[PDB]
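Dropping final.tsv in here (TSV, C-alpha atoms and all ligand atoms):
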chain	number	residue	atom	x	y	z
A	1	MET	CA	108.39	82.19	146.12
A	2	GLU	CA	107.10	80.66	149.37
A	3	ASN	CA	103.68	82.30	149.06
A	4	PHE	CA	103.08	81.36	145.43
A	5	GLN	CA	102.11	78.21	143.60
A	6	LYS	CA	103.13	78.12	139.92
A	7	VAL	CA	100.39	77.03	137.56
A	8	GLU	CA	101.95	77.48	134.14
A	9	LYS	CA	104.32	79.61	132.11
A	10	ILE	CA	102.35	82.32	130.28
A	11	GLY	CA	105.07	84.61	129.17
A	12	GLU	CA	108.69	84.82	128.45
A	13	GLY	CA	110.94	87.32	126.88
A	14	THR	CA	113.86	89.62	127.38
A	15	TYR	CA	114.28	90.19	131.09
A	16	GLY	CA	111.73	88.10	133.05
A	17	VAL	CA	109.65	84.96	132.83
A	18	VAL	CA	105.90	85.29	133.51
A	19	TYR	CA	103.79	82.60	135.19
A	20	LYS	CA	100.18	82.18	136.01
A	21	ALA	CA	100.33	81.54	139.76
A	22	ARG	CA	98.12	81.08	142.86
A	23	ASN	CA	98.66	82.96	146.15
A	24	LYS	CA	98.56	80.56	149.09
A	25	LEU	CA	96.67	82.58	151.71
A	26	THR	CA	94.50	84.88	149.57
A	27	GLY	CA	93.67	82.24	146.95
A	28	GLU	CA	94.26	85.01	144.40
A	29	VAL	CA	95.15	83.87	140.85
A	30	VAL	CA	97.92	86.23	139.60
A	31	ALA	CA	100.54	86.76	136.91
A	32	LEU	CA	104.01	86.53	138.52
A	33	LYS	CA	106.93	88.10	136.60
A	34	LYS	CA	110.35	86.80	137.80
A	35	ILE	CA	113.40	89.01	137.18
A	47	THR	CA	117.20	102.86	140.77
A	48	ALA	CA	115.17	99.87	139.56
A	49	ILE	CA	113.56	99.32	142.96
A	50	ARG	CA	112.61	102.99	143.32
A	51	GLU	CA	111.02	103.26	139.87
A	52	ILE	CA	109.24	99.95	140.24
A	53	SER	CA	107.64	101.12	143.49
A	54	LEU	CA	106.43	104.21	141.65
A	55	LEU	CA	104.61	101.83	139.28
A	56	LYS	CA	102.75	100.63	142.38
A	57	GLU	CA	101.02	103.99	142.48
A	58	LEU	CA	100.29	104.22	138.77
A	59	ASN	CA	96.75	102.82	139.13
A	60	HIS	CA	94.21	103.05	136.30
A	61	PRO	CA	91.45	100.80	134.88
A	62	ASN	CA	93.42	100.45	131.65
A	63	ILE	CA	96.75	99.62	133.32
A	64	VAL	CA	97.33	96.08	134.53
A	65	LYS	CA	97.34	96.40	138.15
A	66	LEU	CA	100.61	95.82	140.04
A	67	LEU	CA	99.46	94.02	143.23
A	68	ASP	CA	102.85	93.55	144.84
A	69	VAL	CA	106.62	93.70	144.54
A	70	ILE	CA	108.74	91.09	146.30
A	71	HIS	CA	112.46	91.78	146.46
A	72	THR	CA	114.22	88.71	147.89
A	73	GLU	CA	117.41	86.60	147.51
A	74	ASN	CA	118.58	88.59	144.48
A	75	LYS	CA	115.32	87.88	142.67
A	76	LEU	CA	112.66	90.49	141.88
A	77	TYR	CA	109.07	89.22	141.59
A	78	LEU	CA	106.34	91.48	140.26
A	79	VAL	CA	102.81	90.25	141.14
A	80	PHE	CA	100.10	91.43	138.67
A	81	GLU	CA	96.36	91.03	138.33
A	82	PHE	CA	95.81	88.10	135.96
A	83	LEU	CA	94.08	88.61	132.62
A	84	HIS	CA	93.15	85.66	130.40
A	85	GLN	CA	93.87	86.93	126.92
A	86	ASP	CA	96.29	89.27	125.12
A	87	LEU	CA	95.67	91.27	121.92
A	88	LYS	CA	98.21	89.39	119.80
A	89	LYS	CA	96.51	86.04	120.41
A	90	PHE	CA	93.08	87.67	119.99
A	91	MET	CA	94.14	89.18	116.64
A	92	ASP	CA	95.48	85.81	115.42
A	93	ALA	CA	92.22	84.18	116.53
A	94	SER	CA	90.22	86.88	114.68
A	95	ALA	CA	92.21	86.80	111.46
A	96	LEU	CA	89.57	85.06	109.31
A	97	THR	CA	86.85	87.53	110.23
A	98	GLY	CA	88.71	90.54	111.65
A	99	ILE	CA	87.91	92.36	114.88
A	100	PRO	CA	84.64	94.26	114.48
A	101	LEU	CA	85.19	98.02	114.08
A	102	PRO	CA	83.25	99.04	117.15
A	103	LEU	CA	85.50	96.66	119.20
A	104	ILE	CA	88.62	98.07	117.52
A	105	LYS	CA	87.37	101.56	118.32
A	106	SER	CA	86.62	100.70	121.98
A	107	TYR	CA	90.10	99.12	122.51
A	108	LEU	CA	91.84	102.10	120.88
A	109	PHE	CA	89.86	104.60	123.07
A	110	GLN	CA	90.60	102.63	126.23
A	111	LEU	CA	94.33	102.49	125.49
A	112	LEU	CA	94.34	106.19	124.75
A	113	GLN	CA	92.76	106.75	128.21
A	114	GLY	CA	95.49	104.57	129.75
A	115	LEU	CA	98.25	106.46	127.98
A	116	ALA	CA	96.65	109.89	128.71
A	117	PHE	CA	96.96	108.87	132.38
A	118	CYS	CA	100.59	107.56	132.21
A	119	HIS	CA	101.68	110.51	130.16
A	120	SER	CA	100.10	113.10	132.49
A	121	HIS	CA	102.24	111.51	135.24
A	122	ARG	CA	105.31	111.75	133.00
A	123	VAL	CA	105.44	107.95	132.68
A	124	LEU	CA	106.26	106.49	129.28
A	125	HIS	CA	105.48	102.92	128.26
A	126	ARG	CA	108.25	102.75	125.59
A	127	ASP	CA	107.43	99.22	124.32
A	128	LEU	CA	103.77	98.89	123.35
A	129	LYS	CA	102.86	95.79	121.34
A	130	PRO	CA	99.83	93.50	120.95
A	131	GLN	CA	101.36	90.84	123.21
A	132	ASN	CA	101.57	93.21	126.20
A	133	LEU	CA	97.97	94.49	125.73
A	134	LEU	CA	95.74	92.30	127.92
A	135	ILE	CA	92.03	91.72	127.59
A	136	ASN	CA	89.17	90.38	129.70
A	137	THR	CA	85.60	89.13	129.17
A	138	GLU	CA	84.30	92.56	130.28
A	139	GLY	CA	85.47	94.27	127.12
A	140	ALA	CA	88.38	95.95	128.93
A	141	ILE	CA	91.88	96.29	127.52
A	142	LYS	CA	94.94	97.05	129.68
A	143	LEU	CA	98.55	98.28	129.30
A	144	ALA	CA	101.11	95.79	130.66
A	145	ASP	CA	104.92	95.43	130.99
A	146	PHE	CA	105.51	99.13	131.32
A	147	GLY	CA	108.85	99.62	129.64
A	148	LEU	CA	111.40	100.71	132.08
A	164	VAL	CA	107.55	91.43	116.52
A	165	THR	CA	110.29	93.29	118.48
A	166	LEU	CA	110.77	96.42	116.36
A	167	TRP	CA	107.51	96.59	114.42
A	168	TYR	CA	106.04	99.16	116.82
A	169	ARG	CA	109.11	101.33	117.36
A	170	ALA	CA	108.84	105.07	116.73
A	171	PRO	CA	111.21	106.47	114.07
A	172	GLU	CA	112.95	108.91	116.48
A	173	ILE	CA	114.04	105.89	118.53
A	174	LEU	CA	115.33	104.09	115.45
A	175	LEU	CA	117.17	107.28	114.44
A	176	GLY	CA	119.05	107.37	117.76
A	177	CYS	CA	117.26	110.09	119.77
A	178	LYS	CA	118.13	109.43	123.44
A	179	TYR	CA	115.63	111.73	125.03
A	180	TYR	CA	112.48	110.66	123.30
A	181	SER	CA	109.00	111.67	124.48
A	182	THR	CA	105.51	110.29	125.18
A	183	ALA	CA	104.99	110.58	121.41
A	184	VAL	CA	106.75	107.22	121.03
A	185	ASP	CA	103.77	105.48	122.70
A	186	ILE	CA	101.30	107.21	120.36
A	187	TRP	CA	103.33	105.94	117.38
A	188	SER	CA	103.25	102.32	118.67
A	189	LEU	CA	99.51	102.51	119.31
A	190	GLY	CA	98.86	103.87	115.77
A	191	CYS	CA	100.80	100.87	114.44
A	192	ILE	CA	98.64	98.55	116.51
A	193	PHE	CA	95.39	100.35	115.39
A	194	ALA	CA	96.38	99.85	111.70
A	195	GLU	CA	97.10	96.16	112.39
A	196	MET	CA	93.66	95.53	114.02
A	197	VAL	CA	92.01	97.10	111.02
A	198	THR	CA	93.94	95.40	108.22
A	199	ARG	CA	94.86	92.12	109.98
A	200	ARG	CA	98.49	92.54	108.89
A	201	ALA	CA	101.34	94.30	110.73
A	202	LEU	CA	101.89	97.85	109.42
A	203	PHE	CA	105.73	97.88	109.49
A	204	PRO	CA	107.03	94.32	110.06
A	205	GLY	CA	110.78	95.08	110.03
A	206	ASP	CA	113.32	92.42	110.91
A	207	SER	CA	116.28	94.67	111.70
A	208	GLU	CA	116.58	98.34	112.61
A	209	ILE	CA	117.39	99.41	109.07
A	210	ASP	CA	114.63	97.20	107.66
A	211	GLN	CA	112.16	98.77	110.15
A	212	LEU	CA	113.26	102.26	109.21
A	213	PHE	CA	113.14	101.59	105.47
A	214	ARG	CA	109.71	99.96	105.71
A	215	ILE	CA	108.45	103.12	107.43
A	216	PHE	CA	110.11	105.33	104.78
A	217	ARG	CA	108.57	103.22	101.96
A	218	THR	CA	105.07	103.78	103.32
A	219	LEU	CA	105.16	107.29	104.85
A	220	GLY	CA	107.88	108.78	102.65
A	221	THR	CA	111.54	109.34	103.56
A	222	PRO	CA	111.42	112.13	106.12
A	223	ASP	CA	113.20	115.41	105.47
A	224	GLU	CA	113.45	118.85	107.08
A	225	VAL	CA	110.12	119.87	105.50
A	226	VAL	CA	108.04	117.27	107.37
A	227	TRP	CA	110.40	116.72	110.36
A	228	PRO	CA	112.58	119.74	111.27
A	229	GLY	CA	115.84	118.51	112.80
A	230	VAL	CA	115.60	114.99	111.36
A	231	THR	CA	118.86	115.36	109.39
A	232	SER	CA	120.73	116.08	112.64
A	233	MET	CA	119.65	112.86	114.36
A	234	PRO	CA	122.49	110.52	115.44
A	235	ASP	CA	121.70	107.67	113.06
A	236	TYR	CA	120.29	109.76	110.22
A	237	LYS	CA	122.26	109.23	106.92
A	238	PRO	CA	122.06	111.58	103.88
A	239	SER	CA	122.53	108.37	101.90
A	240	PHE	CA	119.09	107.01	103.02
A	241	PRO	CA	117.06	106.25	99.88
A	242	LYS	CA	114.34	108.75	99.11
A	243	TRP	CA	110.88	107.18	98.83
A	244	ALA	CA	107.69	109.12	98.08
A	245	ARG	CA	104.91	108.71	100.62
A	246	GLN	CA	101.94	106.44	99.78
A	247	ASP	CA	98.14	107.27	99.98
A	248	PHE	CA	96.68	106.15	103.49
A	249	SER	CA	93.64	104.96	101.56
A	250	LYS	CA	96.13	102.42	100.20
A	251	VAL	CA	97.55	101.79	103.68
A	252	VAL	CA	94.51	100.95	105.82
A	253	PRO	CA	91.48	100.20	103.75
A	254	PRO	CA	88.56	100.02	104.48
A	255	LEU	CA	88.96	102.23	107.52
A	256	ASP	CA	86.74	105.29	107.32
A	257	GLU	CA	87.94	108.89	106.89
A	258	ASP	CA	87.67	109.64	110.63
A	259	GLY	CA	89.83	106.63	111.47
A	260	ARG	CA	92.35	107.35	108.69
A	261	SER	CA	92.66	111.02	109.77
A	262	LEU	CA	93.25	109.96	113.39
A	263	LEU	CA	95.80	107.37	112.31
A	264	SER	CA	97.73	109.84	110.14
A	265	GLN	CA	98.02	112.16	113.15
A	266	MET	CA	99.28	109.29	115.33
A	267	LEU	CA	101.89	108.49	112.65
A	268	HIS	CA	103.31	112.03	112.14
A	269	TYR	CA	107.10	111.87	111.77
A	270	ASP	CA	107.72	114.92	113.95
A	271	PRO	CA	107.20	113.88	117.62
A	272	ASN	CA	106.10	117.45	118.39
A	273	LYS	CA	103.36	117.33	115.74
A	274	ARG	CA	102.19	113.80	116.59
A	275	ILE	CA	98.81	113.89	118.35
A	276	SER	CA	98.78	113.50	122.14
A	277	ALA	CA	96.69	110.82	123.87
A	278	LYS	CA	94.46	113.49	125.38
A	279	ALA	CA	93.78	115.26	122.08
A	280	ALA	CA	93.25	111.91	120.37
A	281	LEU	CA	90.40	111.17	122.83
A	282	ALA	CA	88.63	114.26	121.45
A	283	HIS	CA	88.94	113.07	117.85
A	284	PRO	CA	85.64	112.73	115.87
A	285	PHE	CA	86.44	109.02	115.30
A	286	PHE	CA	85.27	108.46	118.89
A	287	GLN	CA	81.96	110.38	118.61
A	288	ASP	CA	80.09	107.04	118.44
A	289	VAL	CA	82.42	104.94	120.64
A	290	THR	CA	80.78	102.12	122.68
A	291	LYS	CA	82.05	99.27	124.81
A	292	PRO	CA	81.23	95.94	123.13
A	293	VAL	CA	82.26	92.63	124.70
A	294	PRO	CA	84.56	90.34	122.80
A	295	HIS	CA	83.80	86.65	122.28
A	296	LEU	CA	86.63	84.86	124.18
A	297	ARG	CA	87.43	81.13	124.25
A	298	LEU	CA	88.23	80.23	127.85
A	301	LIG	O1	100.44	87.39	130.57
A	301	LIG	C1	99.35	87.57	131.10
A	301	LIG	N1	98.23	86.92	130.70
A	301	LIG	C2	98.29	85.93	129.61
A	301	LIG	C3	97.18	84.89	129.74
A	301	LIG	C4	97.24	83.90	128.58
A	301	LIG	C5	97.19	84.62	127.24
A	301	LIG	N2	98.29	85.62	127.14
A	301	LIG	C6	98.22	86.62	128.24
A	301	LIG	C7	99.19	88.54	132.19
A	301	LIG	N3	98.09	88.61	132.99
A	301	LIG	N4	98.33	89.63	133.85
A	301	LIG	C8	99.54	90.19	133.64
A	301	LIG	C9	100.12	89.51	132.57
A	301	LIG	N5	101.33	89.70	131.92
A	301	LIG	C10	102.17	90.74	132.10
A	301	LIG	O2	102.00	91.60	132.97
A	301	LIG	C11	103.34	90.80	131.17
A	301	LIG	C12	103.16	90.91	129.78
A	301	LIG	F1	101.90	90.96	129.29
A	301	LIG	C13	104.25	90.97	128.91
A	301	LIG	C14	105.54	90.92	129.43
A	301	LIG	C15	105.73	90.81	130.80
A	301	LIG	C16	104.63	90.76	131.65
A	301	LIG	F2	104.81	90.65	132.98

Kindly return the structure encoded in the file as structure tokens.
Amino acid sequence: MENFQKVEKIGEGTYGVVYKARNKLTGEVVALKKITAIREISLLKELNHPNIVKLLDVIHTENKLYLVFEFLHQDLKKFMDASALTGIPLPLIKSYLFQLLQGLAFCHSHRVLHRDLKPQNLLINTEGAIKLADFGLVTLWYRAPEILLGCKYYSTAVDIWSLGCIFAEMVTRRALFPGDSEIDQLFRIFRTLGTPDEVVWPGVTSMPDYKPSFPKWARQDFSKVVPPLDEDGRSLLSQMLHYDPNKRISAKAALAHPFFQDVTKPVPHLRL
């Protein structure tokens, strides 16, 4: 793109490639993603929040689509890997979870879903801020069960599920449900939370990919799942991981949870 100088590749994946880049007249350092679509993308331009990576610009040209974003230096996956020996301190975990809940409460109120939350698209700065990136418009590990079961009209609850999975992972320093196929993801969830049935998830047995032949596992003790998380954190997590999307806690209610009574905003130690 005429107006941009590529610095380095910082991101790849499914649809686009992401570079760190430098604008030629503003001097701005940016993340440049190279790829109905155009109308929904432009709506993202107005979805502005301190916990949403900020879309600076959209350049549609020569059958390429460039999305220009504010640049952040670190992402949560790399930060987790870097923190594996010690673990992220709880008050930092708690601050990041609260911030992301604020971000989602905002999206959700505007009827925008993320759909694909994972540590690698959660960006962090030296300020202690954490931001939602790559708004959907370790692949499966964060997928809500109603998606895996073939629901086509899934809700904002799917983002809560993903964020609960991420919360558990910060705490334990291991992925909660590291499935390597859709059936492995589903069965790993069932093994931990119990095979769902009509008791805990009314309508589950009428989902498109639900099979009566699914094995029937009993649900484990959360105390076994996320030690040494405290009872406030465990209780919040269990509400974020409810099978029934209609029972799962909303972002806005989760912000009121007692877990956040003593929330603060620590700064992480980053290696730039
Ligand atoms: O990738 C980014 N920063 C990287 C810096 C090096 C460590 N790693 C983080 C980034 N900064 N600002 C936006 C941005 N990336 C995205 O918006 C993004 C994403 F995170 C995932 C998929 C597509 C995409 F465009």

Review point. If we count only C-alpha atoms, what is near residue A:205 at a cut-off of 12 Å, once residues fewer than 6 positions away on the same chain are taken out, given as an MDAnalysis selection string?
Key: chainID A and resid 164:169 174 211:217

Ligand LIG 301 (chain A): which residues are within 6 Å, counting all atoms listed in the file, as a compact mmCIF listing (two decimals) with C-alpha atoms, in the frame of the given file?
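Saved to result_38.txt:
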# COMPACT_ATOMS: atom_id res chain seq x y z
CA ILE A 10 102.35 82.32 130.28
CA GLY A 11 105.07 84.61 129.17
CA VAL A 18 105.90 85.29 133.51
CA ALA A 31 100.54 86.76 136.91
CA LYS A 33 106.93 88.10 136.60
CA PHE A 80 100.10 91.43 138.67
CA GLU A 81 96.36 91.03 138.33
CA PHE A 82 95.81 88.10 135.96
CA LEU A 83 94.08 88.61 132.62
CA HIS A 84 93.15 85.66 130.40
CA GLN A 85 93.87 86.93 126.92
CA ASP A 86 96.29 89.27 125.12
CA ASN A 132 101.57 93.21 126.20
CA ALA A 144 101.11 95.79 130.66
CA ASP A 145 104.92 95.43 130.99

Quick one: contact table of stretch 84-137 of chain A to stretch 198-203 of chain A, 9 Å max, nearest atom pair and distance in Å to one decimal per residue, counting only C-alpha atoms, chain and number order, as a Markdown table?
| residue | atom | partner | partner_atom | distance |
| --- | --- | --- | --- | --- |
| A:91 | CA | A:199 | CA | 7.3 |
| A:92 | CA | A:199 | CA | 8.4 |
| A:94 | CA | A:199 | CA | 8.4 |
| A:95 | CA | A:199 | CA | 6.1 |
| A:96 | CA | A:199 | CA | 8.8 |
| A:98 | CA | A:199 | CA | 6.6 |
| A:99 | CA | A:199 | CA | 8.5 |

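Note that atom CA of residue A:8 and atom CA of residue A:130 are 20.9 Å apart.
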
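Counting all atoms listed in the file, the residue from A:3, A:182, A:190, A:54 that sits nearest to residue A:265 is A:190.
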
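From atom CA of residue A:219 back to atom CA of residue A:246, the distance works out to 6.1 Å.
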
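Remark: for residue A:127, the closest of the candidate residues A:27, A:14, A:68, A:35 is A:14 (distances computed over only C-alpha atoms).
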
Got a minute to add N, CA, C and O atoms to stretch 17-29 of chain A and dump it as a compact mmCIF listing (two decimals), keeping the file's coordinate frame?
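Result written to selection.txt:
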# COMPACT_ATOMS: atom_id res chain seq x y z
N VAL A 17 110.58 86.00 133.28
CA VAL A 17 109.65 84.96 132.83
C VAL A 17 108.35 85.23 133.58
O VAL A 17 108.40 85.68 134.71
N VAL A 18 107.21 85.04 132.90
CA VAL A 18 105.90 85.29 133.51
C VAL A 18 105.14 83.98 133.70
O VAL A 18 104.98 83.22 132.76
N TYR A 19 104.66 83.74 134.91
CA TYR A 19 103.79 82.60 135.19
C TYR A 19 102.40 83.02 135.61
O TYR A 19 102.21 84.02 136.29
N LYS A 20 101.43 82.17 135.28
CA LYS A 20 100.18 82.18 136.01
C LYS A 20 100.48 81.49 137.34
O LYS A 20 101.13 80.45 137.36
N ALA A 21 100.02 82.08 138.44
CA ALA A 21 100.33 81.54 139.76
C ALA A 21 99.16 81.76 140.73
O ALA A 21 98.32 82.62 140.49
N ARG A 22 99.16 81.01 141.83
CA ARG A 22 98.12 81.08 142.86
C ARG A 22 98.69 81.43 144.25
O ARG A 22 99.48 80.67 144.80
N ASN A 23 98.26 82.56 144.81
CA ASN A 23 98.66 82.96 146.15
C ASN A 23 98.12 81.96 147.17
O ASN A 23 96.99 81.51 147.05
N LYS A 24 98.90 81.66 148.20
CA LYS A 24 98.56 80.56 149.09
C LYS A 24 97.66 80.91 150.28
O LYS A 24 97.04 80.02 150.86
N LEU A 25 97.55 82.19 150.61
CA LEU A 25 96.67 82.58 151.71
C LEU A 25 95.45 83.38 151.23
O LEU A 25 94.38 83.33 151.85
N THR A 26 95.61 84.12 150.13
CA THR A 26 94.50 84.88 149.57
C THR A 26 93.70 84.12 148.52
O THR A 26 92.54 84.46 148.26
N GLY A 27 94.28 83.04 148.01
CA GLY A 27 93.67 82.24 146.95
C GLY A 27 93.71 82.94 145.59
O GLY A 27 93.33 82.36 144.56
N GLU A 28 94.19 84.18 145.60
CA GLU A 28 94.26 85.01 144.40
C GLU A 28 95.01 84.29 143.27
O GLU A 28 96.06 83.69 143.50
N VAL A 29 94.45 84.32 142.07
CA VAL A 29 95.15 83.87 140.85
C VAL A 29 95.81 85.13 140.27
O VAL A 29 95.17 86.15 140.12
